[PDB]
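Summary of structural features
Read off the chains here:
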Amino acid sequence: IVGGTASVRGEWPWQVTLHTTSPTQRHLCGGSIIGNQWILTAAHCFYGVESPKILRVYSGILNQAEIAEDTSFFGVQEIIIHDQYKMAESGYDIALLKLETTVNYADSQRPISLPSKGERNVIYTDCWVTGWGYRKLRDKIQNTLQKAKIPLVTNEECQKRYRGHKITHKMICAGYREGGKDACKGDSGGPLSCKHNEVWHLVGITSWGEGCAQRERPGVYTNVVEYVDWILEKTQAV
Amino acid sequence: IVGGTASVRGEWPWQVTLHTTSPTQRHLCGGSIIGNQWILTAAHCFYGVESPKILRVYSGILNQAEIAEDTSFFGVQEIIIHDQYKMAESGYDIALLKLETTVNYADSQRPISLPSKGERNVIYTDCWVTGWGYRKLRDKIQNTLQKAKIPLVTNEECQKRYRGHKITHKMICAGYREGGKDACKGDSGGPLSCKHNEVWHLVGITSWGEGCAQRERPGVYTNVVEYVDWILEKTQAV
Amino acid sequence: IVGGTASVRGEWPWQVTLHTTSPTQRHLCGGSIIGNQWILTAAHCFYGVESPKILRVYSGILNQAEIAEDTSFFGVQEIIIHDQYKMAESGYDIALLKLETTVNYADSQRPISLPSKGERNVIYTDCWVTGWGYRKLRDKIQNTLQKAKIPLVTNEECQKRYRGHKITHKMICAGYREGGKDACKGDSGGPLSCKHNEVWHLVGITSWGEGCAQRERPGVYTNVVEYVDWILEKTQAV
Ligand SMILES: Cc1cc(=O)[nH]c2ccc(Cl)cc12
Ligand SMILES: Cc1cc(=O)[nH]c2ccc(Cl)cc12
Ligand SMILES: Cc1cc(=O)[nH]c2ccc(Cl)cc12
C-alpha cells in the first residue's frame, strides 16, 4: 500500500495473509474471509502455483512478525479459479480458497459481507484498500498491515486513464487524480472494503494498475457484486 | 398465517389456492397469478406429486367454504420446477404451473406484477404475507384467507438468525424480532406482496422457517427478482 | 422520426447510418458507436442480408446528401445477431457490427457509454430518439437527422397498451399518451439516448411499435442494460 498508514490491530478482521512455503515461506497475497471455510482472493495470485499444499492462510494478523514456525494457520484444500480468467488486465481476476478446517470467528477474524445487487446504485464514499504490499513499485513486503482511504472512480473516468485496455463493468476503479495512494505489489487479492449504513461490504478485490499510486492511473479492482452468483455456485457442497 | 386477520374479499386478487384431489380433495399450497396461463408458487409444494392431473387451481376465493364439487377451477397442464431445486432450505424454491385454460381477469382475479431489477435498491416498507395456512405450528387449514403485515429483514440479519443455514441473496426474509406474525404450514407457495408507488409487486414466495412466528426466526421467502430471467425463459412458447 | 426536429450537426456523434448497397445503395437502419470497431444496432435490420459485404457504415453524418460514391465509410467484417433473436416483437432485437477498420474518434464521431446495472434504479428524464426514418407510417427516408424528446413509460403501462404481446423486462418503452412523437420505419437500430448526470447513456435500441406515434402505442426499444453481459462477451477477441 502506497501512501497509507499502519492499521489498528483487528480493524480489518476479514483480511488474511496468504503465504506460500515454496521455496521458503513468504507472503504471497491478500485475501478476505467470506465464509467459515472460504477465502475470496485474486486468480492472478496463483501463477505457477501447482498445488494447494504449499499454501498457508493466516488470520488475525497485524504484523508479519507474528508469523513463525509455531504460528497456527489454515491449510488450503482447493483452489477455485474463475474458468474465464486468463490474466488480471482482462478481468475475471477472482478465486476462492476452500480451507481444510473451519475458521472460528472472533473479534480478530470474522467474515465480510458481500455487496448486494441492490447496492449497485449506492455511491460508496468510505472505501479503504489494505495489505502488506510494497510502499513503492520496487520495494518489499511491509511488516504492519497498511490502510489507505481511496475514492471510487467511475468506469467512464477509469477507461479514459487506461486507453490501451478495456475497463469492463466487471471491474471497479479507485484512485486520486493526483495519485499518491494506491495498492501495490503484494496487496493483490486483498479487499477494497467500503462501509455503508454501518456495514462493511467487500466491494472490490485488488487486481492491477500501471505502476503504483501514479497520477491519472486509478487502481483496478474486481467488481465483486458481478460475481455473487459465481461465488454462490462455487461455495455449495456437492 | 400466524397473528394475521381476515382479508377483505378480493383484496389479494392474484392469490390462488392450489388443491390436490388425492386421496380426497384438500388445500395444498398458495400461489400467485402472474400471467393469463401462469401461476408462480413454491417447488416444495410438489413433494410426492407425480402428475399435474391431481391439481386444481381456484381463483377469486376468500373462503375455502366457497369450494365445492360444483365450483369452477383451472386444470394444470404442466408443473415446471427449477432444475436446481432440491429443498426449500437450500433455495431455488420456485415453480410455475401452466394452466390448461386461460384466466379471464376481473376484479377478483388478476395478475401481480413481478419486481423490477431496478427496484432491488428500493426499501419495501408495505409488505404482506397471505394464505389459508395454520395459525400455529400444529393446527389446520383456515377457512378465511388471512393477511399479516411483516417487515423485511436484511440478509445479514436473517443469516444471524439461521446460523445452521446459508441465507443466500436468492432468499429474502421477513419477520418481527419478537415474532408473533409469520407464514406457517399451508401458506407455502403464496405471495409476499409489497406495495410500492401504488403498485403491488410479487417480492417473495413463502418458502420456510424454523417453526412459525417464533422470536428471532424470520420467515424465509424466495427472492423473486432473482428469478425474473428464469420466469421469462420458462413462460415462452416453443 | 415523427414529430421531431432537425438535429444540430454532430450533437449525436454516436449515431451512424447503416447502408446496404444491394440492389442500389440506400439507408437501411440506424446504429450506435459503442467501441472503436463496434456498432450496436437491431437484429431485425438484417432480414434477408446474407453477407456483411453489402453493408456500409457512415459516421459523422447529419444529412444523407453528404453520402456520395466518394464519401468514406466503414466496411463490416462480421454481423453478430443475438442467438435467441427470432423477431422484433419477441425481444432479443440486438446485433453487433464488427467493423473492418477502427473509428478514429473526433467531435463528430465518438462512442456512447453503455448503461450501468446500478442505474437500473435511475429515472431517466431526458431521453431522445434519433434517426433518418419516416415522418409518417407511409413516407420515405429523411435527409436531415431528426430528433425527438420522448418520456419513458413503465413496463406495466407499456403492457397495458400491447395486450396481444408480452412486454418483457428486456424491453423498454417510450411515448406520449396522446402520441405525436415516435420512431418510425428507417429509425430501427438507432439509439434511445438518455442524458443523466451530464453523461449520455445508450438506454434503448429502436425496435418496434404498432404504427408510428399513435395514441396509446408507445415505441418499444431493446433494454440495453439487460445485454451488457452479452455485449462484453461478444466484443472480446479470441
Ligand atoms: C497488484 C498491483 C500491482 C502493481 O504493481 N500496481 C497495482 C496498482 C493498483 C492495484 Cl489495485 C494493484 C496493483
Ligand atoms: C412454509 C412454512 C412452514 C412452517 O412450518 N414455517 C414457516 C415459517 C415461515 C415461512 Cl415464510 C414459511 C413456513
Ligand atoms: C421500427 C419501427 C417501425 C414502425 O413502423 N413503427 C415503430 C414505432 C416505434 C418504434 Cl420504437 C419503432 C418503430
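Rules of the game
- Residues numbered from 1 in each chain as written, not as in the entry; some residues may be left out.
- Chains lettered and ligands numbered in written order.
- Heavy atoms only, no water.
- Near = heavy atom within 4 Å.
- Polar contact = N/O pair within 3.5 Å; in protein donor to acceptor, adjacent residues only side chain to side chain.
- Areas by Shrake-Rupley, 256 points an atom, 1.4 Å probe, with all protein chains shown as cover.
- Helix = DSSP H or I, 4+ residues; strand = E, 2+ residues; numbered from the N terminus.
- Nonpolar A, V, L, I, M, F, W, Y, C, P; charged D, E, K, R; others polar.
- Domains from an automatic or database assignment.
- Contact = heavy atoms within 4.5 Å.
- Buried area = accessible area lost by both parts, 1.4 Å probe.
- Salt bridge = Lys/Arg side-chain N within 4 Å of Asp/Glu carboxyl O.
- Disulfide = S-S within 2.5 Å.
- UniProt positions renumbered as here; feature names shortened; annotations may be inferred.
- Buried < 20%, exposed > 50% of the residue type's maximum accessible area, 1.4 Å probe, protein only.
- Pairing = 2+ DSSP bridges.
- Axes fitted to C-alpha atoms, helices over the stretch in contact; angles between N-to-C directions.
- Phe/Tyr/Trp six-rings, centres within 6.5 Å; stacked < 30°, edge-to-face > 60°.

**Brief notes about the site of ligand 3**
Residue and element names in this part refer to chain C. As a matter of local geometry, ligand 3 sits amid 15 residues, with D182, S188, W208, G211 and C212 nearest to it. In the environment of ligand 3, a nitrogen atom lies 2.7 Å from a nitrogen or oxygen atom belonging to the backbone of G211. When isolated, ligand 3 has an accessible area of 340 Å², and the protein chains bury 90% of it. Secondary-structure elements contributing two or more residues to the shell around ligand 3 are β13 (199–208) and β14 (219–223). Across the shell around ligand 3, the residue classes tally to seven nonpolar, six polar and two charged.

**What about the domain arrangement of chain A?**
Interfaces are often sized by the amount of accessible area the parts lose when they come together. Residues and elements named next belong to chain A. Domain annotation for chain A reports domain 1 (1–12 + 112–226) and domain 2 (13–111 + 227–238). For domain 1 versus domain 2, the distance between C-alpha centres works out to 18 Å. Each side of the interface is counted separately: domain 1 has 40 residues, and domain 2 has 38 residues. At the boundary of domain 1 with domain 2, total buried surface from both sides reaches about 3,000 Å², with 59% on carbon and sulfur atoms. The closest approach of N and O atoms between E66 and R9, which form a salt bridge, is 2.7 Å. Run the count over domain 1 and domain 2 and you get 22 residue pairs in polar contact. Mapped by element, the contributors of at least two residues to the side of domain 1 that touches domain 2 are β8 (127–131), β12 (191–196), β13 (199–208) and β14 (219–223). The greatest single-element share of the side of domain 1 that touches domain 2, amounting to six residues, is contributed by β13. Tallied by class, residues from the side of domain 1 that touches domain 2 come to 16 nonpolar, 18 polar and six charged.

**Topic: the UniProt feature "disulfide bond" in chain A**
All names here are of chain A. Inspection of the UniProt-annotated bridge between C127 and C194 gives a sulfur distance of 2.0 Å, within the under-2.5 Å criterion for a formed disulfide. Within this pair, whereas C127 is found in strand β8, its partner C194 is found in strand β12, the two being separated by 67 residues in sequence. Take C127 and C194: they sit in the same class, and that class is buried. For the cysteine pair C184 and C212, annotated in UniProt as disulfide-bonded, the sulfur atoms lie 2.0 Å apart, consistent with the bond being present in this model.

**Quick word on the sheet that holds strand β3 (residues 26–35) of chain C**
Residue and element names in this part refer to chain C. With antiparallel pairing, six strands are arranged side by side around a closed barrel as β2-β3-β4-β7-β6-β5. Averaged over all neighbouring strand pairs, the angle between strand axes comes to 40°, with direction disregarded. Pairing of strand β2 (residues 15–20) with strand β5 (residues 55–58) involves four bridges; the strand directions are antiparallel. For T17, the partnering residue across the bridge sits in β5 and is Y58.

**Considering the packing of aromatic side chains**
Residue and element names in this part refer to chain C. Per the counting criterion, the structure on display carries 21 aromatic pairs over all chains. Ring geometry for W12 and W200: centres 5.2 Å apart, planes at 75°, overall edge-to-face. Remark: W200 occurs in strand β13 and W12 occurs in the loop between β1 (5–6) and β2; sequence separation between them is 188 residues. A ring pair is formed by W14 and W200, whose centres lie 5.8 Å apart and whose planes are at 45°; its orientation type is tilted.

**What to know about the site of ligand 1**
All names here are of chain A. Contacts to ligand 1 come from 15 residues, most closely from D182, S188, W208, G211 and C212. Backbone polar atom of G211 to a nitrogen atom of ligand 1: 2.7 Å apart, as the coordinates give it. Computed on the free molecule, ligand 1 has an accessible area of 340 Å², of which 90% lies beneath the protein chains in the complex. Its residues assigned to classes, the shell around ligand 1 comprises seven nonpolar, six polar and two charged.

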